[PDB]
Amino acid sequence: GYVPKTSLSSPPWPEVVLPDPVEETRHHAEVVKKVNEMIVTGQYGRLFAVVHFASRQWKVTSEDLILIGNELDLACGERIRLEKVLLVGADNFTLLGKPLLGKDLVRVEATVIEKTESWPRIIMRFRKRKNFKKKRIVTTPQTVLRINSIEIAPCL
Amino acid sequence: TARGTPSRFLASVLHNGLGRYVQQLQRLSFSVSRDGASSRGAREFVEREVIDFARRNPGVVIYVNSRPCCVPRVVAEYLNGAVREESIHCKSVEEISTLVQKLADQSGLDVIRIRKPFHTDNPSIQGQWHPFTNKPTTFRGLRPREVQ
Amino acid sequence: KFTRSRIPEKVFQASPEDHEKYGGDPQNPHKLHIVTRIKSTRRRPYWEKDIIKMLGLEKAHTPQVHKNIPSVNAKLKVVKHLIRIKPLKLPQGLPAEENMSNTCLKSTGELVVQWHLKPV
Amino acid sequence: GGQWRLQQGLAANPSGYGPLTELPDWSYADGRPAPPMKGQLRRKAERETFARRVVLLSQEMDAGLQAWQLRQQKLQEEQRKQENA
Amino acid sequence: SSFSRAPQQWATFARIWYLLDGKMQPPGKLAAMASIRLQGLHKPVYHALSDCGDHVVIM
Amino acid sequence: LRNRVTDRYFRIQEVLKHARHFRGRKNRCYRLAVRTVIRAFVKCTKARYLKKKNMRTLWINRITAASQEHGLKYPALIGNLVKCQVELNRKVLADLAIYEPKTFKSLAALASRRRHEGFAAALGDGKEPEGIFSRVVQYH
Amino acid sequence: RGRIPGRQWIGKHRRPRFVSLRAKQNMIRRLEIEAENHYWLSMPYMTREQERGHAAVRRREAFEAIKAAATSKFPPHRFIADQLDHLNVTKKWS
């Protein structure tokens with residue numbers, strides 16, 4: 001089952017040889033340990049998180065504002081722990097869940113600043129030659145969250 | 001529409017969420033009529049649900065004028081300087097209360113289009129993309145078709 | 001003239017090969033069907049439109065549970081080209097009064113009762 | 001997207017069922033749980049209804065079968081007894 | 001990143017010059033790449049309104 | 001005349017307010033304005049659907065661009081991420097590509113690894129370890 | 001030059017459409033699905049004489065509810081209180 005060197009004997013692509021799983025595992029463990037150490041030391045500087053709120057995914061940091069188009073039914077100034085941090089990253093290392101990270105690992109805090117209505121949004125139907133002409137004005141309710149803090153723990 | 005309406009960006013006056021959530025509402029000014037169906041709901045509110053509201057939020061300082069007004073208004077003055085002035089004309093008590101609550105909750109800024117539902121002071125933590133990220137350095141800083 | 005098509009009964013008979021290919025057994029046949037509307041009624045004959053509505057298959061990709069019986073199967077045969085059918089197979093026991101709340105159809109048609117969102 | 005995601009039993013689309021959506025999105029900073037999400041409740045209700053329907057289907061068929069069996073038994077009884085005397 | 005704002009912005013944008021040698025190549029197989037470069041579709045910053053296109057030298 | 005309209009100006013103004021910034025008589029003459037304004041409104045309603053599509057296309061373009069800088073194609077990347085159970089949406093991925101490039105690079109690498117694993121699996125029809133970055137977290 | 005008769009797609013002469021790979025694939029998947037469906041249909045539970053009456057009480061009940069609904073349907077209750085309240089349009093304080 002041999003073929004001499006031609007354009008279609010071997011693949012166009014290069015052959016990758018993936019490493020031994022035991023060694024690989026060890027390497028992974030080592031990497032994890034390093035990360036843990038870093039976390040312990042406070043060697044990081046500012047984190048970010050891709051959090052899941054209201055079916056949307058948001059890359060978020062301490063001090064930023066996020067506008068969610070609906071009522072949360074919270075008084076303003078109340079503090080919230082956002083679950084579903086499916087990415088948490090920084091300079092020098094990042095952590096992604098499968099898909100969500102655990103609650104022990106990370107937590108994101110958010111203060112509700114304001115609850116509002118959107119500017120009036122105009123719905124309006126029309127059809128040619130057929131006396132069909134509708135017009136509905138709407139104001140979708142909104143909330144403004146200020147993400148205060150991303151705490152990250154040495155659980156790894 | 002968005003082309004007609006003046007636009008805006010998302011912000012929060014004086015960084016409310018960072019330190020302390022500050023009630024942006026300063027004053028509610030209630031123009032009411034003693035006589036007139038225009039302001040029955042308003043009257044009711046004044047009687048029963050206004051005091052409670054006041055108690056709930058002491059940063060707000062309510063005024064009630066009773067000024068033979070043909071159409072009652074509630075003037076909401078905010079911390080930035082903006083004045084949201086809205087009518088109370090022939091509204092039910094509950095509705096009025098809701099309106100008041102809404103006024104209390106919201107910030108001083110204009111109710112216009114917002115452009116992005118987010119706003120970071122410091123977006124990049126690793127580094128913003130220049131074209132020379134994900135580009136390898138060559139020896140002696142050389143470039144295509146050079147001498148030495 | 002386009003007409004309401006009647007299918008020969010040899011079409012609906014599973015061979016050993018067929019059995020091998022799919023999961024089902026000829027003895028102990030599954031009790032219930034998960035019937036899902038995968039194709040629009042629009043552009044099909046009105047009787048087919050009727051049939052779908054009778055089965056309650058109004059929202060596409062939203063599934064219904066029908067008895068597997070000759071009566072129900074005759075309707076299903078009429079709109080077989082509009083629907084995807086799979087056996088409701090319950091790995092755990094079928095929902096008792098304590099476990100009425102926690103369930104989950106999933107893919108692979110299995111009902112479940114022990115539904116905790118935490119991993120193994 | 002993911003048709004791979006049907007091979008593992010995780011829905012076609014990840015928004016429908018699983019821990020990315022059925023899990024609660026937020027909680028209080030004090031460590032108290034949020035009230036039930038509005039859509040989630042609806043979903044739960046739907047699920048319950050489905051379950052009930054399934055149960056009904058399971059029972060009724062069984063009952064019918066039992067009835068049939070009983071009828072058969074009765075018929076059998078009628079036979080042999082009739083034949084005697 | 002560090003950086004002051006304007007300089008950072010400049011860095012992010014700025015038209016780079018690229019080179020292509022022909023010689024035995026098909027035109028249009030060159031042009032696909034070249035066109036892309038011209039448009040600025042090779043940048044994750046791309047928009048039709050931003051004007052992020054780069055320079056393409058072909059020899 | 002018993003009752004004729006006193007308030008008609010205001011109705012006229014309502015439409016002309018929305019027509020102020022149009023070119024030519026469309027902004028002055030009520031008849032012409034009305035047709036234009038209605039058309040604009042219609043466009044606005046339609047445009048909501050268009051906007052969403054456009055944004056997603058833009059994000060895909062950006063991600064493609066980013067992926068090519070690491071020697072990967074968009075579809076490969078997305079598929080591998082899906083396989084991994086990393087379910088970052090395309091807005092977010094585009095953001096990552098722009099603002100957090102090392103993370104993007106890492107993601108790309110992961111995707112590549114996944115692809116490689118898949119390829120490996122394809123050779124030997126069945127068994128043994130399935131590979132390290134493959135496998136799936138089972139929820140019950 | 002490259003022109004066809006009136007309305008591309010109908011009549012005697014029309015623009016030739018050709019079958020793509022994608023289309024074929026789509027067709028094939030559908031066919032596969034249908035095969036599976038057919039197979040599923042193939043194995044009934046009861047065989048008909050064992051589902052003669054299982055429905056009937058439930059069905060009757062269902063019918064009956066509907067009937068009741070149809071029947072229990074005439075003018076609503078009118079009361080004094082609402083009328084009295086209508087006088088509150090002149091509640092004038094002191």
# chains A, B, ... in the order shown; residues from 1 in each chain; ligands from 1

call {"tool": "residues_around", "arguments": {"residues": "range 65-79 of chain F", "least_positions_apart": "2", "cutoff": "7 Å", "atoms": "only C-alpha atoms", "output": "PyMOL selection string"}}
result
(chain B and resi 134) or (chain D and resi 1) or (chain E and resi 41-44) or (chain F and resi 61-63+81-83+97+108+111)

call {"tool": "write_last_selection", "arguments": {"atoms": "N, CA and C atoms", "output": "PDB file, in the first residue's frame"}}
result
ATOM      1  N   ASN B 134      -0.861  39.850  15.324  1.00  0.00           N
ATOM      2  CA  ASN B 134      -0.958  38.675  14.445  1.00  0.00           C
ATOM      3  C   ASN B 134      -0.154  38.889  13.140  1.00  0.00           C
TER       4      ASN B 134
ATOM      5  N   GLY D   1     -23.965  26.674  13.047  1.00  0.00           N
ATOM      6  CA  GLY D   1     -24.763  26.091  14.164  1.00  0.00           C
ATOM      7  C   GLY D   1     -24.376  24.665  14.516  1.00  0.00           C
TER       8      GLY D   1
ATOM      9  N   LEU E  41     -11.611  43.977   4.014  1.00  0.00           N
ATOM     10  CA  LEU E  41     -12.308  42.811   4.584  1.00  0.00           C
ATOM     11  C   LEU E  41     -11.401  41.852   5.355  1.00  0.00           C
ATOM     12  N   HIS E  42     -10.100  41.949   5.126  1.00  0.00           N
ATOM     13  CA  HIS E  42      -9.128  41.220   5.925  1.00  0.00           C
ATOM     14  C   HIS E  42      -8.961  41.746   7.356  1.00  0.00           C
ATOM     15  N   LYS E  43      -9.516  42.915   7.660  1.00  0.00           N
ATOM     16  CA  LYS E  43      -9.470  43.445   9.019  1.00  0.00           C
ATOM     17  C   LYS E  43     -10.731  43.104   9.816  1.00  0.00           C
ATOM     18  N   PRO E  44     -10.570  42.721  11.095  1.00  0.00           N
ATOM     19  CA  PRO E  44     -11.733  42.586  11.974  1.00  0.00           C
ATOM     20  C   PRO E  44     -12.375  43.932  12.371  1.00  0.00           C
TER      21      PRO E  44
ATOM     22  N   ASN F  61     -18.381  38.767   9.014  1.00  0.00           N
ATOM     23  CA  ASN F  61     -17.267  39.303   8.232  1.00  0.00           C
ATOM     24  C   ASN F  61     -16.056  39.543   9.141  1.00  0.00           C
ATOM     25  N   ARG F  62     -16.329  40.127  10.299  1.00  0.00           N
ATOM     26  CA  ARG F  62     -15.267  40.438  11.229  1.00  0.00           C
ATOM     27  C   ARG F  62     -14.599  39.156  11.743  1.00  0.00           C
ATOM     28  N   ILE F  63     -15.400  38.191  12.130  1.00  0.00           N
ATOM     29  CA  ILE F  63     -14.897  36.930  12.647  1.00  0.00           C
ATOM     30  C   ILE F  63     -14.106  36.208  11.606  1.00  0.00           C
ATOM     31  N   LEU F  81     -16.142  25.378  17.835  1.00  0.00           N
ATOM     32  CA  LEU F  81     -16.590  25.978  19.085  1.00  0.00           C
ATOM     33  C   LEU F  81     -17.869  25.309  19.578  1.00  0.00           C
ATOM     34  N   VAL F  82     -18.771  25.047  18.643  1.00  0.00           N
ATOM     35  CA  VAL F  82     -20.031  24.365  18.954  1.00  0.00           C
ATOM     36  C   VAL F  82     -19.765  22.996  19.540  1.00  0.00           C
ATOM     37  N   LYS F  83     -18.824  22.282  18.934  1.00  0.00           N
ATOM     38  CA  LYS F  83     -18.415  20.956  19.395  1.00  0.00           C
ATOM     39  C   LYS F  83     -17.850  20.996  20.830  1.00  0.00           C
ATOM     40  N   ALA F  97     -12.607  39.538  18.851  1.00  0.00           N
ATOM     41  CA  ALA F  97     -11.692  39.687  17.712  1.00  0.00           C
ATOM     42  C   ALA F  97     -11.113  41.087  17.699  1.00  0.00           C
ATOM     43  N   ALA F 108      -9.282  30.385  18.668  1.00  0.00           N
ATOM     44  CA  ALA F 108      -8.928  29.884  17.336  1.00  0.00           C
ATOM     45  C   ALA F 108      -8.113  28.601  17.460  1.00  0.00           C
ATOM     46  N   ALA F 111     -10.175  25.720  18.581  1.00  0.00           N
ATOM     47  CA  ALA F 111     -10.981  25.275  17.446  1.00  0.00           C
ATOM     48  C   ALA F 111     -10.165  24.355  16.545  1.00  0.00           C
TER      49      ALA F 111
END

call {"tool": "interface_residues", "arguments": {"of": "chain D", "to": "chain F", "cutoff": "10 Å", "atoms": "only C-alpha atoms", "output": "PyMOL selection string"}}
result
chain D and resi 1-5+8-10+14+18-20

call {"tool": "select_by_dssp", "arguments": {"residues": "chain D", "states": "strand (DSSP E or B)", "output": "list in words"}}
result
residues 26, 27, 28 and 33 of chain D

call {"tool": "interface_residues", "arguments": {"of": "chain F", "to": "chain B", "cutoff": "10 Å", "atoms": "only C-alpha atoms", "output": "list in words"}}
result
residues 17, 18, 19, 20, 21, 22, 37, 40, 41, 43, 44, 45, 66, 69, 70, 95, 96, 97, 98, 99, 100, 101, 102, 103 and 105 of chain F

call {"tool": "closest_residue", "arguments": {"among": "E:48, E:38, E:6, E:58", "to": "residue 20 in chain E", "atoms": "only C-alpha atoms"}}
result
E:58

call {"tool": "atom_distance", "arguments": {"atom1": "CA of residue 79 in chain C", "atom2": "CA of residue 1 in chain C"}}
result
19.8 Å
